[PDB]
Amino acid sequence: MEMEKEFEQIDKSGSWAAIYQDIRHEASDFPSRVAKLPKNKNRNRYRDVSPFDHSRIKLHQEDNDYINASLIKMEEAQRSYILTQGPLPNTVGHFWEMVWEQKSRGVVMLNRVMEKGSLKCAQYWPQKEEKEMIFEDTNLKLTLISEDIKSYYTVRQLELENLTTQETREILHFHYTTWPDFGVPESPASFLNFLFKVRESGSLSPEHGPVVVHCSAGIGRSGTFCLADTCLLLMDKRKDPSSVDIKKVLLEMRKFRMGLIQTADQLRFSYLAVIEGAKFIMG
Ligand SMILES: Cc1nc(-c2ccc(C(=O)O)s2)cs1
């Protein structure tokens, strides 16, 4: 496994940060005029990244189409993903209008609501069956239908209504619940267990809209979920599977959203995720 020799090289030489900065240095910088404007400044989780203007998801409202989210389109792999900030209290309604307008089936959440003592997002889904949520500003109802609580994650069925017209759709919320406060998980096994369960739902498949995933600054794990999925997929696609170069794939994703993969631990972990996984894919 070549990636693996290069991986092991790197390990022995203590080069993560140095490879990491290199990618940072060659990354893509694109304008983000929209995020940065006065009116839409209440709409951004702070500290947070900015959606480039060429890639941003447009809301279908005629007065502020703004949301902190991006479309990542991977031509080779035939995968698209929407990456976004954990919603704020003032943007919960926005988040669900995006999910509706974009025909998504799944939402993936890679963090806890509260971490390291602070709120990392607003509690954006109903906690109980009997108590649904109404977002008057975007005219939408959200009802919890079922909950499946497992050892590392939890999966939920949701029913979202478009109150203007009466349509309803099922949305599945996949939540990874055991990403440690500090660092990265030792083994990627649960992480890969989790990615295939999402795959299995149909939420990443071309017959649905793009999967919405949330990455919130100081903690932007989602980059890894996408990076990992795209490489594995390409390994199943090409003739020469050893030609998949995660660095290159990463930079490619970076043309669409700034700063995906937040650290050298996270890059290392990304290699790990893939190597295993590939290995499991061999049997
Ligand atoms: C059939 C599959 N092959 C791979 C890989 C095979 C070999 C690799 C390598 O040696 O680098 S990656 C992943 S899934």
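Every number for a ligand or one of its atoms is a count from 1 in the order of the listing. In this chain, numbering begins with 1 at the start of the sequence shown.
Counting only residues at least two apart or on different chains, the salt bridge (charged side-chain N to carboxylate O under 4.0 Å, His left out) pairs with a member in residues 5-18 are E6-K247, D11-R268.
Taking the six-membered ring for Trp, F95 and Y124 have ring centres closer than 6.0 Å. In this structure, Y271 has its ring center under 6.0 Å from that of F7.
Distances below 4.0 Å separate heavy atoms of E2 from the following atoms of ligand 1: 9 (C), 10 (O), 11 (O).
At the top of the distance list for atom 13 (C) of ligand 1, counting protein heavy atoms only, stands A278 CB, 3.8 Å. Of all protein heavy atoms, the one lying nearest to atom 6 (C) of ligand 1 is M282 CE, 3.1 Å.
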Test side-chain contact (heavy atoms from CB on, under 4.5 Å) on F194 and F174; report intermediate values, then the result.
CA-CA 8 Å; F194 176 80; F174 285 94; 4.0 Å; yes
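With atom 8 (C) of ligand 1 as the reference point, the heavy atom nearest to it among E4, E6, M1 is part of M1.
One side chain, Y81 or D229, offers a donor N or O that lies under 3.5 Å from an acceptor on the other.
Considering backbone and side-chain atoms together, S242 places no N or O closer than 3.5 Å to any N or O of ligand 1.
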